[PDB]
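**Q** enclosed are the sequence and the experimentally obtained structure.
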Amino acid sequence: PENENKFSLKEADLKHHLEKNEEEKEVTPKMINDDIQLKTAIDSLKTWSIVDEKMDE
Amino acid sequence: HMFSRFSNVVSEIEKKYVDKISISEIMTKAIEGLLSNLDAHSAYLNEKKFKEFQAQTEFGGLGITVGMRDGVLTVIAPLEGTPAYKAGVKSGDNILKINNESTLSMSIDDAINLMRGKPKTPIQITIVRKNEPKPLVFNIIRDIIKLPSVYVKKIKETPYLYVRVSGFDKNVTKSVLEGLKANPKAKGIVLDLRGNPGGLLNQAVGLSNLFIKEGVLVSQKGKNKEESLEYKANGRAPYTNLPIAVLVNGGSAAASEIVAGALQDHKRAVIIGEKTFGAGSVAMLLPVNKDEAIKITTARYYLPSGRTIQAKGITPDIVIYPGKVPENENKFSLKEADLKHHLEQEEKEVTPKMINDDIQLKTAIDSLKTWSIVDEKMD
Amino acid sequence: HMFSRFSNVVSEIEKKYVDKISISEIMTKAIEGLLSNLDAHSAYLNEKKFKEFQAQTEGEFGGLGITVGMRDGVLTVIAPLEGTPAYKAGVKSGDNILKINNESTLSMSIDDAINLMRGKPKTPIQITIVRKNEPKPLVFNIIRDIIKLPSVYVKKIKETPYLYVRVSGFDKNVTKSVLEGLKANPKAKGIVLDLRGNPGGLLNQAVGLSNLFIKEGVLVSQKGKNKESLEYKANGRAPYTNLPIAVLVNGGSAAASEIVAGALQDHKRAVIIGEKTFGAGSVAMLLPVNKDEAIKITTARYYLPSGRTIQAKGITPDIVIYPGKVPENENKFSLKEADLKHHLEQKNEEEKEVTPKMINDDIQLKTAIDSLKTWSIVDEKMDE
């Protein structure tokens, strides 16, 4: 699902435009938003990290 | 001394103005002018208004709560039972006119003073809303604004409870604790603090003390060292091991941000939804002359981590916007049971139909299912 | 003494308010708060307002002359005005101000950038641009000049005996600029006067403009608490005492613009056309205080020649008309492209005149022109 405000869909994208990388080294937010099963798997890991930080006391 | 500039400006106003006015009326306009330019929350009370404020107990209300953002009056949230909730007012609406008075140069106290009254009395409001082409107009009939503050419901097919706290009024701590004693087999809580606009701090520390055993909950600071009050848990917390998920959504403010921020800083719960309103200030009333008073902001709230609520709010650990859950379209597909020669086999609760209608409540339950597995591993 | 009831409040706030503030700051908030509570139009002008008020009523300022409209949420230039040093330097429509030099002007509103841009009339400036069609930013070094932008201009209607004149605000140039504009056109047979959206200005320019067209009687009168009050009267001469006038007014027309429309209406000198005006009925006097600071305070109410006043109730038109495009003929041609532009074949300032297309785009302007046609017929009937 998406936020109804979405910065008014600004075409400038907060890009600075002041002027190469192997970016397939990393998974990116655009292709997490395209798969809700992948988002759900990451949000389960974020829950587990909190319970470890509680239980180490 | 410092009165030189002011004495000159008052002498011109006394000489060169359209109407006759007394020096008394100039001093009153200077007091109200200073406070209106100081902060959004201050006000001046003459003897008639101060005696009225001391004499009144309350009576009839509209149901909205309002606050300043970027120089404009905005709705924080309407309370669920109220005439304004039923009429279709929403969070983040801007108030343009109240009963044919324009909201330019108007304080939060002036807006509240226009809205309150007694039952069956009508009112009209003109509102600006984010995606609309023109101003909206609403007509509403005022009422006694009374509703149950809390309820506890079981969820079908699961060992988890849903707890709703709609505003921090009196007896919230008892109403939650009796709901937990009524369900001794439960294995986790969802706390729904969405659209909860505030209430009294004595219940926000009271609720937090059910779940946290030790340490600081919240504190008040001002420029003065003395009266820097600090709140700490009393060691009697009954439920120190129970799983919790908390929902917040940008109509949440004040007392609801103290509960969410204390549970988050103690690593005691998971916070889910979208960023809160950020209302972190306290104000109090001071007598100044013979039988008259001022109200001014006096302190700000600070969390256990030393962060402050004003005007950042609380950010959730898991972000998710409103909407309905996805659905199984690909119903026809092949399985082992379809193959030719396979080897053989050897009303008063939250229902699945409710959980499918908002994905935020689904995400809270999925977090509790992760927590139950981690406990079962560690045991 | 008289100030004790205020002095107690300023003592209590100083020890109990959340933050540290000085008595110089409290007194500054009390002064700006007091003048803002006398009426709707009184105010306090600190040095970074009083200089702008002075520049606006002179009609000129030191600066670049690039018009910025904050498009795309950033400092996008929309139009350079011709002959300004920024136009000479070649910054153009669609250019976005990335920095002056080191300030990240993507991050902020007009308020500081326009102050850096509107510098003194000699010291040159470096400006940093991105032009969205180019893979590289642009940098300009720009010399200073005063922008001297006009508040009034005159045009001819293309096919017709009538002038269009627009007055945008009552600064010191108005009365002389209208008189020269009529002297430059001796063949003209009527005026459309466009006061739509004009917020007011100097009182002497409202009285001075009304005196080009009227020959006898009071133009405006003033009153206040002390019987010290004034009447302004026509000086017995008028260059243009006979020709037709149609005046356009709108809900944004206020104050000094309602003095000239009210004076022409009460003496039957013109026809008033459009929508009901703003309704501001008072005069403010401006006084210097300290140094480079001023106070603006309401000193009188004003009255029109018949003794009526408009305070909180605007001028009402003779002819009422809301904005829109004209209707069109259904039997018109099947999009013949002006008959293939009718070349007849074997870079000009067309803005010297007003076109049929830009008249069809405004029914209030059409209605004002069609009122002048009726007056010309009644003069040709009566000239026997």
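**A** Sure, I can see it. Residues are numbered from 1 along each chain as shown, chains lettered A, B, ... in the order given.
**Q** what sits closest to residue A:10 if chain neighbours are left out?
**A** Once flanking residues are discounted, residue A:10 sits nearest to residue C:73: 6.4 Å by CB to CB, 6 or more residues apart in numbering or on different chains. (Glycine included, C-beta is placed from N, CA and C.)
**Q** you'd agree the one you found is up against residue A:12?
**A** Yes: with contacts counted by CB atoms under 8 Å, residue C:73 reaches residue A:12, the gap being 7.2 Å.
**Q** doesn't residue A:43 lie inside a helix?
**A** Yes: counting by DSSP: H, G, I helix; E, B strand; the rest coil, residue A:43 falls inside a helix.
**Q** burial count for it?
**A** Counted by other CB atoms under 10 Å in any protein chain shown, the residues lying close to residue A:43 total 19.
**Q** wait, it sits on residue B:362?
**A** No: in this structure, residue A:43 is not within contact of residue B:362 by CB under 8 Å, at 11.2 Å.
**Q** which residues are in contact with both of these two?
**A** Shared contacts of residue A:43 and residue B:362 (CB atoms under 8 Å, 6 or more residues apart in numbering or on different chains): none.
**Q** most centrally placed residue in chain A?
**A** residue A:29 (3.9 Å; CA atoms, centre = their mean).
**Q** now that one. Its backbone dihedrals?
**A** phi -60, psi -40 (degrees, to the nearest 10).
**Q** ok now do the closest residue to chain B within chain A, which residues does it touch?
**A** The minimum distance from chain A to chain B, using CB to the nearest CB, falls at residue A:1 (3.6 Å). Contact analysis of residue A:1 by CB under 8 Å, 6+ apart lists B:320, B:321, B:322, B:323, B:359.
**Q** just how off-centre is the helix or strand harbouring residue A:47 within its chain?
**A** Per DSSP states H and E: residue A:47 is located in helix A:36-55. Relative to its chain's centre, helix A:36-55 lies at 14 Å (CA atoms, centre = their mean, to the nearest Å).
**Q** can you list contacts of that helix?
**A** For helix A:36-55, contacts defined as CB under 8 Å, 6+ apart pick out A:32-33, B:267-268, B:270, B:317-318, B:326, B:363, B:366-367, B:370-371, B:374-375, B:378.
**Q** out of the residues you listed, which is nearest to chain C?
**A** Of all the contacts of helix A:36-55, residue A:33 has the smallest distance to chain C: 23.0 Å, by CB to the nearest CB.
**Q** burial check on that closest one, number of neighbours?
**A** Residue A:33 has 12 neighbours, counted by other CB under 10 Å.
**Q** and residue A:32, by the same measure?
**A** For residue A:32, using other CB under 10 Å, the count is 13.
**Q** for the helix or strand that it is a member of, packing partners?
**A** Assessed by DSSP H and E, residue A:32 sits inside helix A:29-33. If you count contacts as 3 or more CB pairs under 8 Å, 6 or more residues apart in numbering or on different chains; DSSP states H and E, helix A:29-33 packs onto helix A:36-55.
**Q** if you set the cut-off to 6 Å instead, what comes out?
**A** For helix A:29-33, there is no helix or strand it packs on, judged by 3 or more CB pairs under 6 Å, 6 or more residues apart in numbering or on different chains; DSSP states H and E.
**Q** tell me how far it lies from the chain's centre.
**A** Between the centre of helix A:29-33 and the centre of its chain there are 6 Å (CA atoms, centre = their mean).
**Q** contacts for it?
**A** Contacts to helix A:29-33, defined as CB atoms under 6 Å, 6 or more residues apart in numbering or on different chains, come from residues A:38, A:39.
**Q** export it as PDB, just CAs?
**A** Provided in PDB are the C-alpha atoms of helix A:29-33 (Å, rounded to 0.1, in the frame of the first residue of the first chain):
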ATOM      1  CA  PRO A  29      13.500   0.000  -1.700                       C
ATOM      2  CA  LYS A  30      11.800   0.200  -5.100                       C
ATOM      3  CA  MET A  31      12.000  -3.700  -5.500                       C
ATOM      4  CA  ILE A  32      10.900  -4.300  -1.900                       C
ATOM      5  CA  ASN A  33       7.700  -2.200  -2.500                       C
END
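**Q** so what's the residue count around residue A:20?
**A** 3.
**Q** what do you get for the one 4 residues further on?
**A** Around residue A:24 there are 7 other residues, counting by other CB under 10 Å.
**Q** can you pull the phi/psi pair for it?
**A** For residue A:24, the backbone dihedrals (degrees, to the nearest 10) come out as phi -60, psi 0.
**Q** cool, residue A:16 as well?
**A** phi -80, psi -30.
**Q** neighbours around it, how many?
**A** Neighbour count for residue A:16, taken as other CB under 10 Å: 12.
**Q** repeat that for residue A:14.
**A** By the criterion of other CB under 10 Å, residue A:14 has 8 neighbours.
**Q** which of the three states applies to it?
**A** Counting by three-state DSSP, the backbone at residue A:14 sits in coil.
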